[PDB]
Amino acid sequence: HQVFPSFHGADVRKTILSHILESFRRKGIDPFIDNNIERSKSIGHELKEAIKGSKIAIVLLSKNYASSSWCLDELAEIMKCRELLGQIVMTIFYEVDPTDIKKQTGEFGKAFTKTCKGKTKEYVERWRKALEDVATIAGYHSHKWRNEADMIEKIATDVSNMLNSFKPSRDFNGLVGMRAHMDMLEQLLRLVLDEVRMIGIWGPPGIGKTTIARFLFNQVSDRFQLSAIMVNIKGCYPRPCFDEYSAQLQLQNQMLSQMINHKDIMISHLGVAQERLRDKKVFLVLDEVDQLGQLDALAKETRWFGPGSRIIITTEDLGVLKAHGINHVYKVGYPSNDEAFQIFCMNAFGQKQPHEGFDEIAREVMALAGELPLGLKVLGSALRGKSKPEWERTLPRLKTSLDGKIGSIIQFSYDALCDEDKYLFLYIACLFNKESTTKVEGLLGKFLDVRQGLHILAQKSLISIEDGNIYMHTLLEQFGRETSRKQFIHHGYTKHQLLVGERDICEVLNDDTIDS
Amino acid sequence: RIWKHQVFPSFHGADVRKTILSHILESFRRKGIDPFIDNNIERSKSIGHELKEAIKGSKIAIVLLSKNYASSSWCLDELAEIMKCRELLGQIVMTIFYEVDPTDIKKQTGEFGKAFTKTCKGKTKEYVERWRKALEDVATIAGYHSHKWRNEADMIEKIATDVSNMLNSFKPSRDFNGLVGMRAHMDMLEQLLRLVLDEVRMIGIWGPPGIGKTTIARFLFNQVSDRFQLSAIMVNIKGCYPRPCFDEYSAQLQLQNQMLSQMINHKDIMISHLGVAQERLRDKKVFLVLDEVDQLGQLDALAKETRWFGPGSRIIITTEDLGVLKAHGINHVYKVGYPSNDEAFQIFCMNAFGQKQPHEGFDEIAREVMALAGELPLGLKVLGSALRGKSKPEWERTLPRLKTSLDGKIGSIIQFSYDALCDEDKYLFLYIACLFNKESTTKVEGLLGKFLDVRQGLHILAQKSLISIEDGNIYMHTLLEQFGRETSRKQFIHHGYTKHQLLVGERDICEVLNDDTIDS
Amino acid sequence: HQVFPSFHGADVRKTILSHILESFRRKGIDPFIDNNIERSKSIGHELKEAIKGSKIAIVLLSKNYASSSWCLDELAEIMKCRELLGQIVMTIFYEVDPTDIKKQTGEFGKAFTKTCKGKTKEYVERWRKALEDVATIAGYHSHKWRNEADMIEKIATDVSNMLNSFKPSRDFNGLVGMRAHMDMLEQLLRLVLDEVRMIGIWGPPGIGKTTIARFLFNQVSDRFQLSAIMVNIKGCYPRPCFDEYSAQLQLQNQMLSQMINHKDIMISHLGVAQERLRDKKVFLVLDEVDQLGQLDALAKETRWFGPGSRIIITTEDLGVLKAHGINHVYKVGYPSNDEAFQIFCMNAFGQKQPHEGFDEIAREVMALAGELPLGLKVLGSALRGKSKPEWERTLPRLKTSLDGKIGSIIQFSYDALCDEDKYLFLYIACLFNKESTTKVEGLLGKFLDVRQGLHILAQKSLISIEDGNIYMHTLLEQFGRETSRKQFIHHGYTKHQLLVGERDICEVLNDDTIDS
């Protein structure tokens, strides 16, 4: 069920229960509807089991709720299921004071005394224990509320809100390999050291930093007193921030309103966050941080968050993390080949890791995707619902041009570079993909300042140097070779363009309109 | 006549202001009715005169009659005023007898009579007479008896429906009255919906831009949504969605948040995971319309499986790209077709002259402008509105302006559809618009084969409803070809490392060769 | 004063009046503070005159308000000033039922009876008439309010809101010549014909359409049951409106929320406006309408607004008005030379129409401004606070280049034209400013389609034809001659540029890099 409503027929069926059920119906809540199985008999099964299998229980208490052993038995069963099963019980006191229920006095007490005659001691004890337990739990009081329509709307909204958040997240079960990530993180977080440790997650664009951060939040946040997740801080921060202090103040306002649950917050100085969070454990996730000013706005000192706090900054360039003094940094790594194939098969064959007989083309497209979860997702989605001949016909375009879903993000990460860094990126893409860095310096050194360029590129994770050899991801080298057809390289100010396109150099070499 | 309030409710607040009047007022507010509420009387203003003026300026008076109605003096004074205004100003009076019968009202016996006697002790002699005569006048009206209904929600719904009918009796036309030839559309959709099959069919609606997929969706919703437990329509999903989409999950969460905030009447939902629509809509007959999806992230956020929804549900996705529908496994697809020539003229004339037929002497030039508009309802509407007030000479000397410049309201929409293509698809579109419009598919593949992958490009363009292949030859709508020939003057065609352009014109673009300034 | 508070010292001075005064103080409201002139004597003058000269009166009624002839005399004087002078009296019932005050029963009645012993009949009659008048006027009840802090905040907000709108507008007294405009309008409005007449105001950009509409609204709106003014509809309407129906629906939502005072309105169909406004007189001002769709969204038929309604559309092009069938159209005219000088002297010499000894330069700059109120305002503001030598030094730049404040608006009105209309505008600016239209057709007719071009230009009010001669305002011809240095004229596709700049043709003619 959705909701099991417990009430007294003679009191509320005509007047208020009808309105409550109408509000539930228009809010998409379907409560259990007893057919008057036994108007005055015992509850029996299929009325005990209905209580058992109800996500929410609603007790609607009125003056004669105690003048029917039926309702008293239902209440005792409801509270038993609240204790053992962990059911959610919401009380509505309709023209009855909770105090009159707890102590069973007044007209409610008179009715309860009249009912409990002839009944055995244990039954009466169960009934009154249930009653006094019910009267204490926080519900809705009819006398306090201005008018019934507002109270009913509030009750319906609250029930809807709990039904929305009743079950845990399961959309993250479609992810592959999160155990390696969580195991590498918990080595850094060290959740038992009650410091204010700050952790940095860094990696190439579209590798899984945001998904890792979300998964970590969903796992851990419940351990922390007050937690919030800031998503895409880079996007929501204006680039031409002519008055940076105003942007900083509103960014901290956003963080604070999201965290301490006061949506109506407007702050004056930048030290409000320290004032609020100094005495409470905080789990804060700052996602896609691009520059120091906004780190200062959100988390500038470990003194601000107080004991046991964990601040996790997911970023794309290492220089930001080093500047702010993080030191505990996680370098996200590409998934293994089998997990890459599982991701591709999620995104191409409908959440089915086994191949549907398209195993041959599936591996070629995977190898085309490098190892990025972004590339794998884009390539898989671009091919779902196809048939095998459609796969072969799509393959050449998918191979001679990367999808715009990847190109847009790589471009956004490529628009934050100095011009010499762009030129070094293009050179590494077209000519020096896997070459000793010393030879690259010996070849481009007269004009490119390669030693700073490689440093910046590696810090932004557009390159990685292993065993003294540079390496660029294939799905970035393709972007580079594409860009090398519409963009130039200026050394002093002369414009040079790299010529690497297969079957694209033939027609350019067979030309008279050239520049040599 | 002129009124200031639709409904004026007269009641005794000590009996009904908390319990039933609140529900009546919320129901009225939900049914688009604005009643007079005494709590909003502006402060520092005398209450009596404002109540009098509100009674006089109200179209409908509603009299809740409780057993303590006669105990107050405000109640009797405003009842007398209501009766006088009904007799003298033609206002409609409705009665509700809440837990008291008209027998006591009209004779002041026992219940409701003792209150009148205690309230009438210290008064004048004629006030008592006015109050009494008002009581008999109101008690002879036939209204609603509380004790004749098993529950009060149904009675309040009945009262609100009656009041809404009484207020909304004018109804000269609805927003869907200027539509032309949409019985044809609704017949073809009914074959696809099959509303008595208790499956969870998802139905696609695909057509070129400006073919009215949105109007068909709106009409179908306002016709069919009544019979489903829960229903929602989401309009222009393509426009609200982020274009680069740096974070897919947040966008999907927000889009499903909108869908649930409108489907469920929970106006401020904060979804935490994409699985809420699974858990809230799994046992309910649900009607859902997704007006313009562009890509498959929207579908995965809003309607991923038919298991998310309950038996009998219908989900209707309008789109321009057939690949999106095929990827999601729709298989029930309605390809919207251009209206007939007669209906197209009807739409053009409705937008130009305000009537289905042209004004005298306009027929020839009207049909010429029509032929210029192709067949798209969007083009017909735009060209018709562009000539709504003009006269014959303006038509005759604005037609050459129509031919040589695509209107902004059509060009912008076609531009939005064109900017979503790849680079090679854009180049193929420009080639087809400028050069190879009606030519063979085979010849186009033979000529443009070396520059780009022609066959897959044509397949994708047909998927996107930008071209159409009928008998081995490709086709473009006149408006699309016009847009392509215009954008040919600013767009560069990059084949390899080189760059090229297309020269299309009658005689005008031959002077560009005489520029002697730009590379050829 | 701001507010005169009437209260009883022994009841409310310690507890609630202190909080009320604190809220007033933090809201910037300064109430009269009696110094206990005569604690138990007569009120006398300087307590009667304080009541007389108070914009707002606040009566704070408590159980013992009637046990002091001081407070009763203050109340009688307050209500007398409410009747004659028209004072605003707000009542606060602090732990007293209004019914107990109207009928003077209960403990309030006991106190009032005890006070009224020994007093003469006329005094008692004045006191009780005042009391029963007070008890009826709509105030604030302590028993109904959830907590006192919220009630006090509401009272302070209401008093502040009335003090904000106590006086009528006077910022429109700085305008010159509005009587001619109002007299030309009232001939069109014909406010006694109880039709749904729709009026159009059209003119060149920056001539005063918006100011005329605002002045007319402020004068008339109070005659109308429900009125609203929509400002800059052109600006708030998206140009690339890919889904026009959504924009139309939100535009009607904006109008309706502004008009019927329901800020929380979300509408479904486009016929809501008819449903709401069919039975009430409405004064609606739609300002800066650019196209038919948004007229259809806001006001499509006269059936929608009901009897005695007046809809006023201020626009810049006549074709929109003719398309929608307005027929009653006002062509705003340039002000006379003396009013032009008064406007310039407002904007240059600080609201002082007499010249401050700069009469000579003031007339030259005026003549430079043509006659536009926009040009006059911009030129006057550009020269205020200067000295006469500063005027002579600024004058040449002010003469060889129009200010950007005018150029931006003229450009925005010039970006809505077809290319041939732009070319005809440029030709009229540089060569054919005051020429017979027949000769213009004979000269440009082979390529410009002049007869449609002049029609469109005149409809957009970028030109006017009088006695068969075209005429363009000087402050538009200057924009044209400026534009003729950075923009070309394409006839087939060859680019021609008009050469009219004084002392700017000498250096271009002394050149070898030309095109002939």
# chains A, B, ... in the order shown; residues from 1 in each chain; ligands from 1
$ residues_around --residues "residue 172 of chain C" --least-positions-apart "3" --cutoff "8 Å" --atoms "only C-alpha atoms" --output "ChimeraX atom specification"
/C:169,175,215
$ write_last_selection --atoms "N, CA, C and O atoms" --output "mmCIF file, in the first residue's frame"
data_model
loop_
_atom_site.group_PDB
_atom_site.id
_atom_site.type_symbol
_atom_site.label_atom_id
_atom_site.label_comp_id
_atom_site.auth_asym_id
_atom_site.auth_seq_id
_atom_site.Cartn_x
_atom_site.Cartn_y
_atom_site.Cartn_z
ATOM 1 N N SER C 169 1.733 61.779 -6.759
ATOM 2 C CA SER C 169 2.956 61.992 -7.514
ATOM 3 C C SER C 169 3.139 63.471 -7.845
ATOM 4 O O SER C 169 2.186 64.196 -8.139
ATOM 5 N N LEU C 175 7.593 68.072 -16.090
ATOM 6 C CA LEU C 175 7.298 67.911 -17.504
ATOM 7 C C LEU C 175 6.675 69.184 -18.055
ATOM 8 O O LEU C 175 6.022 69.943 -17.337
ATOM 9 N N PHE C 215 1.595 59.610 -17.644
ATOM 10 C CA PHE C 215 0.821 60.742 -17.148
ATOM 11 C C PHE C 215 -0.671 60.480 -17.274
ATOM 12 O O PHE C 215 -1.442 60.750 -16.343
#
$ interface_residues --of "chain A" --to "chain B" --cutoff "7 Å" --atoms "only C-alpha atoms" --output "PyMOL selection string"
chain A and resi 14-15+18-19+26-28+146-149+157+164+169+171+384-385+408-409+485+504+508
$ write_last_selection --atoms "C-alpha atoms" --output "short mmCIF file (atom, residue, chain, number, x, y, z; two decimals), in the first residue's frame"
data_model
loop_
_atom_site.label_atom_id
_atom_site.label_comp_id
_atom_site.auth_asym_id
_atom_site.auth_seq_id
_atom_site.Cartn_x
_atom_site.Cartn_y
_atom_site.Cartn_z
CA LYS A 14 -18.74 11.94 6.37
CA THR A 15 -16.94 15.20 7.08
CA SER A 18 -13.65 12.56 2.72
CA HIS A 19 -11.64 15.75 2.25
CA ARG A 26 -5.35 14.48 -6.20
CA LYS A 27 -1.80 14.04 -4.86
CA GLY A 28 -1.56 10.50 -6.21
CA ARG A 146 -6.27 28.12 11.20
CA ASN A 147 -8.64 26.24 8.88
CA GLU A 148 -9.06 22.60 7.94
CA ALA A 149 -8.24 23.04 4.25
CA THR A 157 2.20 17.40 1.28
CA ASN A 164 9.08 10.46 -2.31
CA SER A 169 18.75 5.51 -4.42
CA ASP A 171 20.01 4.58 -10.07
CA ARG A 384 21.39 1.86 -29.07
CA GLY A 385 18.33 0.62 -30.91
CA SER A 408 31.78 20.43 -26.49
CA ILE A 409 33.19 19.42 -23.10
CA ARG A 485 41.97 22.02 -39.53
CA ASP A 504 42.96 15.02 -46.38
CA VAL A 508 45.68 19.97 -50.25
#
$ select_by_dssp --residues "segment 306-479 of chain A" --states "helix (DSSP H, G or I)" --output "PyMOL selection string"
chain A and resi 318-324+337-348+359-368+373-381+388-400+404-414+419-430+437-444+450-459+474-479
$ residues_around --residues "residue 81 of chain A" --least-positions-apart "3" --cutoff "10 Å" --atoms "only C-alpha atoms" --output "number ranges by chain"
A: 48, 51-54, 57, 75-78, 84-89
$ residues_around --residues "residue 385 of chain B" --least-positions-apart "4" --cutoff "12 Å" --atoms "only C-alpha atoms" --output "list in words"
residues 347, 348, 349, 350, 351, 352, 353, 354, 369, 377, 378, 379, 380, 381, 389, 390, 407 and 409 of chain B; 291, 292, 293, 296, 319, 320, 323 and 324 of chain C
$ write_last_selection --atoms "N, CA, C and O atoms" --output "mmCIF file, in the first residue's frame"
data_model
loop_
_atom_site.group_PDB
_atom_site.id
_atom_site.type_symbol
_atom_site.label_atom_id
_atom_site.label_comp_id
_atom_site.auth_asym_id
_atom_site.auth_seq_id
_atom_site.Cartn_x
_atom_site.Cartn_y
_atom_site.Cartn_z
ATOM 1 N N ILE B 347 -6.140 28.249 -43.398
ATOM 2 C CA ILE B 347 -5.250 28.759 -42.354
ATOM 3 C C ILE B 347 -4.671 30.113 -42.749
ATOM 4 O O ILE B 347 -4.623 31.049 -41.936
ATOM 5 N N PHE B 348 -4.222 30.243 -43.999
ATOM 6 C CA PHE B 348 -3.660 31.515 -44.437
ATOM 7 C C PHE B 348 -4.691 32.626 -44.361
ATOM 8 O O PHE B 348 -4.385 33.738 -43.919
ATOM 9 N N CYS B 349 -5.921 32.348 -44.792
ATOM 10 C CA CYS B 349 -6.959 33.369 -44.775
ATOM 11 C C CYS B 349 -7.392 33.692 -43.355
ATOM 12 O O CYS B 349 -7.724 34.838 -43.049
ATOM 13 N N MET B 350 -7.400 32.697 -42.473
ATOM 14 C CA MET B 350 -7.724 32.959 -41.081
ATOM 15 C C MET B 350 -6.700 33.880 -40.451
ATOM 16 O O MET B 350 -7.049 34.733 -39.630
ATOM 17 N N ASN B 351 -5.434 33.726 -40.819
ATOM 18 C CA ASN B 351 -4.399 34.578 -40.249
ATOM 19 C C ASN B 351 -4.284 35.932 -40.935
ATOM 20 O O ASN B 351 -3.805 36.886 -40.315
ATOM 21 N N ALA B 352 -4.708 36.050 -42.191
ATOM 22 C CA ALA B 352 -4.569 37.314 -42.909
ATOM 23 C C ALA B 352 -5.830 38.169 -42.823
ATOM 24 O O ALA B 352 -5.781 39.309 -42.357
ATOM 25 N N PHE B 353 -6.961 37.643 -43.279
ATOM 26 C CA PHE B 353 -8.197 38.408 -43.329
ATOM 27 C C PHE B 353 -9.081 38.195 -42.110
ATOM 28 O O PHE B 353 -10.113 38.860 -41.987
ATOM 29 N N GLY B 354 -8.711 37.290 -41.211
ATOM 30 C CA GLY B 354 -9.516 37.007 -40.042
ATOM 31 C C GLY B 354 -10.669 36.057 -40.269
ATOM 32 O O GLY B 354 -11.377 35.730 -39.311
ATOM 33 N N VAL B 369 0.772 34.346 -52.461
ATOM 34 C CA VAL B 369 1.516 34.358 -51.202
ATOM 35 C C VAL B 369 1.453 32.988 -50.534
ATOM 36 O O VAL B 369 2.450 32.489 -49.998
ATOM 37 N N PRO B 377 2.087 24.986 -41.651
ATOM 38 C CA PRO B 377 1.212 25.915 -40.924
ATOM 39 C C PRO B 377 1.996 27.122 -40.393
ATOM 40 O O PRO B 377 1.441 28.196 -40.390
ATOM 41 N N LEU B 378 3.242 26.918 -39.951
ATOM 42 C CA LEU B 378 4.079 28.012 -39.470
ATOM 43 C C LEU B 378 4.276 29.067 -40.546
ATOM 44 O O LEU B 378 4.111 30.265 -40.292
ATOM 45 N N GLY B 379 4.637 28.644 -41.755
ATOM 46 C CA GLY B 379 4.815 29.599 -42.835
ATOM 47 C C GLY B 379 3.520 30.286 -43.212
ATOM 48 O O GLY B 379 3.500 31.491 -43.473
ATOM 49 N N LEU B 380 2.421 29.533 -43.240
ATOM 50 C CA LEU B 380 1.122 30.123 -43.530
ATOM 51 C C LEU B 380 0.755 31.165 -42.486
ATOM 52 O O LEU B 380 0.331 32.272 -42.825
ATOM 53 N N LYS B 381 0.931 30.834 -41.207
ATOM 54 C CA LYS B 381 0.638 31.792 -40.148
ATOM 55 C C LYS B 381 1.498 33.038 -40.267
ATOM 56 O O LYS B 381 0.996 34.160 -40.148
ATOM 57 N N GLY B 389 -3.307 43.789 -42.018
ATOM 58 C CA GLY B 389 -4.039 45.028 -42.174
ATOM 59 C C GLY B 389 -3.849 45.717 -43.506
ATOM 60 O O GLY B 389 -4.551 46.684 -43.807
ATOM 61 N N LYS B 390 -2.921 45.226 -44.318
ATOM 62 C CA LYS B 390 -2.571 45.921 -45.545
ATOM 63 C C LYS B 390 -3.693 45.828 -46.570
ATOM 64 O O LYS B 390 -4.671 45.095 -46.404
ATOM 65 N N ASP B 407 11.377 35.194 -43.803
ATOM 66 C CA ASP B 407 10.933 35.936 -42.631
ATOM 67 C C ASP B 407 11.729 35.523 -41.403
ATOM 68 O O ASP B 407 12.196 34.386 -41.315
ATOM 69 N N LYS B 409 10.751 35.056 -38.269
ATOM 70 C CA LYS B 409 10.073 34.103 -37.403
ATOM 71 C C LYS B 409 10.096 32.684 -37.948
ATOM 72 O O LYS B 409 9.832 31.746 -37.192
ATOM 73 N N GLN C 291 4.656 43.998 -32.350
ATOM 74 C CA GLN C 291 4.129 43.047 -33.317
ATOM 75 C C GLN C 291 2.787 42.512 -32.847
ATOM 76 O O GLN C 291 2.427 42.639 -31.677
ATOM 77 N N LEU C 292 2.051 41.914 -33.783
ATOM 78 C CA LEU C 292 0.663 41.524 -33.572
ATOM 79 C C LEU C 292 0.477 40.411 -32.558
ATOM 80 O O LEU C 292 -0.538 40.383 -31.857
ATOM 81 N N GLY C 293 1.411 39.463 -32.502
ATOM 82 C CA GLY C 293 1.215 38.309 -31.644
ATOM 83 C C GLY C 293 1.012 38.697 -30.197
ATOM 84 O O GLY C 293 0.174 38.128 -29.496
ATOM 85 N N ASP C 296 -2.336 40.187 -29.610
ATOM 86 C CA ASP C 296 -3.299 39.099 -29.481
ATOM 87 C C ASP C 296 -3.223 38.470 -28.098
ATOM 88 O O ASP C 296 -4.249 38.121 -27.507
ATOM 89 N N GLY C 319 1.799 50.271 -38.833
ATOM 90 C CA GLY C 319 1.282 49.049 -39.423
ATOM 91 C C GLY C 319 0.720 48.097 -38.393
ATOM 92 O O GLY C 319 -0.256 47.392 -38.651
ATOM 93 N N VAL C 320 1.328 48.065 -37.209
ATOM 94 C CA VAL C 320 0.819 47.228 -36.126
ATOM 95 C C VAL C 320 -0.562 47.700 -35.696
ATOM 96 O O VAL C 320 -1.472 46.893 -35.478
ATOM 97 N N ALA C 323 -3.111 46.876 -38.468
ATOM 98 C CA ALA C 323 -3.380 45.445 -38.553
ATOM 99 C C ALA C 323 -4.400 45.018 -37.510
ATOM 100 O O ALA C 323 -5.322 44.251 -37.799
ATOM 101 N N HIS C 324 -4.253 45.516 -36.285
ATOM 102 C CA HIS C 324 -5.137 45.108 -35.205
ATOM 103 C C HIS C 324 -6.441 45.896 -35.191
ATOM 104 O O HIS C 324 -7.315 45.605 -34.372
#
$ atom_distance --atom1 "atom CA of residue 437 of chain B" --atom2 "atom CA of residue 481 of chain B"
8.2 Å
$ select_by_dssp --residues "segment 96-298 of chain C" --states "strand (DSSP E)" --output "list in words"
residues 140, 141, 198, 199, 200, 201, 202, 226, 227, 228, 229, 230, 282, 283, 284, 285, 286, 287, 288 and 289 of chain C
$ closest_residue --among "A:160, A:64, A:400, A:91" --to "residue 5 of chain A" --atoms "only C-alpha atoms"
A:91
$ residues_around --residues "residue 36 of chain C" --least-positions-apart "6" --cutoff "12 Å" --atoms "only C-alpha atoms" --output "mmCIF file with N, CA and C atoms, in the first residue's frame"
data_model
loop_
_atom_site.group_PDB
_atom_site.id
_atom_site.type_symbol
_atom_site.label_atom_id
_atom_site.label_comp_id
_atom_site.auth_asym_id
_atom_site.auth_seq_id
_atom_site.Cartn_x
_atom_site.Cartn_y
_atom_site.Cartn_z
ATOM 1 N N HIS C 8 -3.413 53.415 26.378
ATOM 2 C CA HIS C 8 -3.574 53.567 27.815
ATOM 3 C C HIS C 8 -2.255 53.213 28.483
ATOM 4 N N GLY C 9 -1.728 54.137 29.285
ATOM 5 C CA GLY C 9 -0.389 53.958 29.821
ATOM 6 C C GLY C 9 -0.266 52.753 30.731
ATOM 7 N N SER C 42 -7.550 67.589 31.517
ATOM 8 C CA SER C 42 -8.098 67.651 30.171
ATOM 9 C C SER C 42 -6.978 67.586 29.134
ATOM 10 N N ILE C 43 -7.357 67.274 27.892
ATOM 11 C CA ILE C 43 -6.358 67.147 26.833
ATOM 12 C C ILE C 43 -5.788 68.514 26.463
ATOM 13 N N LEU C 47 -2.368 68.972 22.252
ATOM 14 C CA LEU C 47 -2.743 67.569 22.174
ATOM 15 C C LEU C 47 -3.913 67.339 21.240
ATOM 16 N N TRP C 70 -9.103 60.797 29.682
ATOM 17 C CA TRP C 70 -8.050 61.259 28.784
ATOM 18 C C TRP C 70 -8.084 60.497 27.466
#
$ residues_around --residues "residue 456 of chain A" --least-positions-apart "4" --cutoff "12 Å" --atoms "only C-alpha atoms" --output "MDAnalysis selection string"
chainID A and resid 316:320 416:422 424:425 449:452 460:464
$ write_last_selection --atoms "C-alpha atoms" --output "short mmCIF file (atom, residue, chain, number, x, y, z; two decimals), in the first residue's frame"
data_model
loop_
_atom_site.label_atom_id
_atom_site.label_comp_id
_atom_site.auth_asym_id
_atom_site.auth_seq_id
_atom_site.Cartn_x
_atom_site.Cartn_y
_atom_site.Cartn_z
CA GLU A 316 40.28 19.39 -13.24
CA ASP A 317 43.58 21.24 -12.74
CA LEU A 318 46.05 20.44 -9.97
CA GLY A 319 47.40 23.97 -9.59
CA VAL A 320 44.20 25.04 -7.86
CA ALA A 416 41.00 27.91 -20.56
CA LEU A 417 44.53 27.56 -21.95
CA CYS A 418 47.17 30.09 -22.89
CA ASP A 419 47.88 30.32 -26.62
CA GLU A 420 51.24 28.57 -26.30
CA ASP A 421 49.53 25.82 -24.29
CA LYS A 422 47.01 25.41 -27.12
CA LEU A 424 51.68 22.63 -27.56
CA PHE A 425 48.45 20.63 -27.30
CA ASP A 449 58.74 27.30 -23.89
CA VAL A 450 57.83 23.54 -23.84
CA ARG A 451 58.98 22.98 -20.23
CA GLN A 452 56.33 25.29 -18.79
CA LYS A 460 45.22 20.43 -16.28
CA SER A 461 45.24 16.67 -17.06
CA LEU A 462 45.33 17.11 -20.83
CA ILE A 463 48.49 14.98 -20.91
CA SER A 464 50.38 12.52 -18.74
#
$ residues_around --residues "residue 205 of chain B" --least-positions-apart "4" --cutoff "10 Å" --atoms "only C-alpha atoms" --output "PDB file with C-alpha atoms, in the first residue's frame"
ATOM      1  CA  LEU B 189      -3.872   9.392 -33.195  1.00  0.00           C
ATOM      2  CA  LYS B 213       3.226  18.932 -33.330  1.00  0.00           C
ATOM      3  CA  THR B 214       2.761  21.254 -30.300  1.00  0.00           C
ATOM      4  CA  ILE B 216      -1.720  18.595 -31.876  1.00  0.00           C
ATOM      5  CA  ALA B 217      -0.287  17.684 -28.476  1.00  0.00           C
ATOM      6  CA  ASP B 291       6.311  18.204 -26.253  1.00  0.00           C
ATOM      7  CA  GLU B 292       9.785  18.525 -27.771  1.00  0.00           C
ATOM      8  CA  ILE B 316       3.169  10.773 -26.041  1.00  0.00           C
ATOM      9  CA  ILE B 317       6.489  12.154 -27.286  1.00  0.00           C
ATOM     10  CA  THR B 318       6.506  14.800 -30.058  1.00  0.00           C
ATOM     11  CA  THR B 319       9.911  15.075 -31.793  1.00  0.00           C
ATOM     12  CA  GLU B 320      11.691  16.132 -34.976  1.00  0.00           C
ATOM     13  CA  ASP B 321      14.284  13.324 -35.013  1.00  0.00           C
ATOM     14  CA  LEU B 322      13.143   9.773 -35.694  1.00  0.00           C
ATOM     15  CA  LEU B 325      12.082   7.514 -31.100  1.00  0.00           C
ATOM     16  CA  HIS B 332       3.953   3.589 -32.588  1.00  0.00           C
ATOM     17  CA  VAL B 333       4.802   6.704 -34.559  1.00  0.00           C
ATOM     18  CA  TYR B 334       2.519   9.296 -36.159  1.00  0.00           C
ATOM     19  CA  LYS B 335       4.122  11.211 -39.034  1.00  0.00           C
ATOM     20  CA  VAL B 336       2.265  14.518 -39.147  1.00  0.00           C
TER      21      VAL B 336
END
$ atom_distance --atom1 "atom CA of residue 143 of chain C" --atom2 "atom CA of residue 83 of chain C"
28.5 Å
$ closest_residue --among "C:465, C:390, C:131, C:144" --to "chain A" --atoms "only C-alpha atoms"
C:144
$ atom_distance --atom1 "atom CA of residue 435 of chain C" --atom2 "atom CA of residue 369 of chain C"
22.3 Å
$ decode --residues "segment 33-46 of chain A" --atoms "C-alpha atoms" --output "tab-separated table (two decimals), in the first residue's frame"
chain	number	residue	atom	x	y	z
A	33	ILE	CA	-9.93	1.03	1.78
A	34	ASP	CA	-11.62	-1.36	4.18
A	35	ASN	CA	-14.91	-2.69	2.85
A	36	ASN	CA	-16.46	-2.93	6.35
A	37	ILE	CA	-15.40	-6.58	6.59
A	38	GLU	CA	-16.57	-6.81	10.20
A	39	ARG	CA	-18.06	-3.59	11.56
A	40	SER	CA	-18.07	-4.79	15.19
A	41	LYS	CA	-16.01	-8.00	15.43
A	42	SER	CA	-12.31	-8.75	15.74
A	43	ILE	CA	-9.80	-7.38	13.24
A	44	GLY	CA	-8.41	-10.74	12.13
A	45	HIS	CA	-5.87	-11.25	9.38
A	46	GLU	CA	-6.00	-9.32	6.07
